[PDB]
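J.: The sequence shown lines up with residues 6 to 287 when you count with the authors' numbering.
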Amino acid sequence: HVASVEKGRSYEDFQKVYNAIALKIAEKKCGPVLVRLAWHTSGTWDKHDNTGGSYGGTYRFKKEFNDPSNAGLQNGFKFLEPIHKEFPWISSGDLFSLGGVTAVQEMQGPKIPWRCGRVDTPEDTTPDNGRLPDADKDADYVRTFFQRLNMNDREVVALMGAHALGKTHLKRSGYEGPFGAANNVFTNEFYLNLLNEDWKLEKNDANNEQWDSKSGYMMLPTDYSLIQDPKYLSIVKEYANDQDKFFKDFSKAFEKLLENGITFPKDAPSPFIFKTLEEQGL
Ligand code: HEM
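(1) Indicate the three-state DSSP secondary structure (helix, strand or coil) for residue 12 in the structure shown.
(2) Any idea what DSSP makes of residue 253, helix, strand or coil?
(3) Does the count of Cβ pairs from the region 231 to 238 and the region 270 to 281 closer than 8 Å reach three?
(4) For residue 56, list the residues DSSP reports as bridge partners.
(5) In this structure, does DSSP put residue 217 in helix, strand or coil?
(6) Return the residue from the list 114, 34, 35, 138 that minimises the CA-CA distance to residue 257.
(7) Verify the contact flag: residue 169, CB atom, against every heavy atom of the ligand HEM, threshold strictly below 6 Å.
(8) Could you check what DSSP says for residue 46 in three-state terms: helix, strand or coil?
(9) Taking C-alpha atoms, which residue in 177, 37, 95 lies nearest to residue 211?
(10) Could you give the uninterrupted runs of the alpha helix (DSSP H) lying entirely in the region 133 to 182, keeping only those of 4 residues or more?
(11) Using the beta-carbon count (16 or more within 10 Å), is residue 7 buried or exposed?
(12) Should the region 126 to 136 be called in touch with the region 17 to 27, which here means at least 3 C-beta pairs below 8 Å?
(13) What is the C-beta distance between residue 154 and residue 75, in whole angstroms, given that I count them as a contact (C-beta under 8 Å)?
(14) Does the ligand HEM have a heavy atom nearer than 6 Å to the CB of residue 273?
(15) For residue 215, count neighbouring C-beta atoms within 10 Å of its own C-beta (all shown protein chains included) and say buried if the count is 16 or more, exposed if not.
(16) Considering only their Cβ atoms, is the gap separating residue 128 from residue 66 smaller than 7 Å?
(17) May I have the straight-line CA-CA distance separating residue 227 from residue 141, to the nearest angstrom?
(18) Helix or strand or just coil, what does DSSP make of residue 91?
(19) Based on DSSP bridge pairs, tell me the residues matched to residue 7.
(20) My guess is that residue 198 and residue 218 are in contact by the Cβ rule of under 8 Å, so how many angstroms apart are they, rounded?
(21) Could you spell out where the alpha helix (DSSP H) holding residue 242 opens and where it closes?
(22) Hey, how far is the Cα of residue 259 from the Cα of residue 205?
(23) According to DSSP, is residue 261 helix, strand or coil?
(24) Output the boundary residues of the beta strand (DSSP E) element that contains residue 205.
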């Protein structure tokens, strides 16, 4: 899949799209669902045959937006609709991925370089449901799962830190509760809370197991597996003790996730680094 720049567009065009998304996030407090949308639209990728991935923007098709794994992301899509209406020239893959970048940055997360040029592909290119991960599994599951995305242990642990941004909803996923204290702010608190809170393995009202802290947080079985495996645990401790290292590693892993499957020509533009609304005085 060769990246092809939307005709005649440059950094300033994409900064205008960024800003419109950023204003929407401030308006609706929809940062977390847009991060999740960027991840799910990218996370269908299979390194073995280059199916799925962010390039084709196939979430716009029924099979994918109706994936049970994507329950709730329709809200994010809906919030992007006015942006795509104002900027109809941007491809769907570019919009979904840029939505995630914008959301991380606007929630005071790291800068995430972003490259344009994803191109819409037809409905028959939509990947089947079942490529996104299960939450009821263990560290071995997680490690194996993420090999299909070409992610190693450090990349996995870093990416999972995005959980502290938001919450689980029983009706959507079968899990209920906030993942952290810092709702709508990107921090390293996922790691700190895993190490420092008092966690109990309980059943929620959907009869699924989750880990609950007295402070009112929860963790999925796959989240908690990062302190049950000794290789993951050492990285959890590293990020709990170095906010900057976490931010830099997250940025790299998230850009990689959003770019898997895409061939950027040698004369493609460099990755863009968008200014936040705060940085622009907006
Ligand atoms: C083993 C991997 C992971 C699994 C099993 C998992 C599963 C889940 C589940 C079940 C939810 C709750 C959905 C809901 O009820 O609304 C969720 C929420 C979330 N996921 Fe993950 N996730 C994984 C990895 C990731 C990664 C890699 C990212 C992005 C870097 C991410 C970002 C988020 C965000 C931001 C939310 C919060 C959504 C909200 O607040 O509405 N997840 N995840």
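All C-beta atoms in this analysis are idealised placements derived from N, C-alpha and C, irrespective of residue type, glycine included.
T.: Let me spell this out:
(1) coil
(2) helix
(3) no
(4) 51
(5) strand
(6) 114
(7) no
(8) helix
(9) 177
(10) 144 to 152, 158 to 165, 175 to 178
(11) exposed
(12) no
(13) Their Cβ separation, rounded to whole angstroms, is 17 Å, which puts residue 154 and residue 75 out of contact at 8 Å.
(14) no
(15) buried
(16) yes
(17) 6 Å
(18) helix
(19) 268
(20) 7 Å
(21) 235 to 245
(22) 30 Å
(23) helix
(24) 204 to 208
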